[PDB]
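Taking it in order: structure first as structure tokens, then the write-up.
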Amino acid sequence: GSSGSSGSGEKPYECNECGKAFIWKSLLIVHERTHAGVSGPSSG
Ligand SMILES: [Zn+2]
Numbered sequence: 796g797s798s799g800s801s802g803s804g805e806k807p808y809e810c811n812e813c814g815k816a817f818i819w820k821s822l823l824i825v826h827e828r829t830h831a832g833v834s835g836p837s838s839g
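Per PDB author numbering, numbering of the sequence shown is gapless, rising by one per residue and ending at 839.
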């Protein structure tokens, strides 16, 4: 059972890459980009 009862998600927009949230569309656009080869292979 998940007795959490918490977690935001009342935004009309929500990134698809990560799943972030933004009350405005633009905010989501200028964000989605962040998922464009911003960093290299930080694992292995
Ligand atoms: Zn994102």
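All residues carry an ideal CB built from backbone N, CA and C; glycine is no exception.
Hey, could you find the ends of the alpha helix (DSSP H) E827 is sitting in?
-> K820 to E827
Residues near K820 by beta carbon distance below 7 angstroms, same chain, minus five either side = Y808
Within 6 angstroms: the Cβ of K815 and any heavy atom of ligand 1?
-> yes
Identify the residues that DSSP records as bridge partners of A831: which are they?
-> DSSP lists no partner for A831.
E809 (DSSP reduced to helix, strand or coil) = strand
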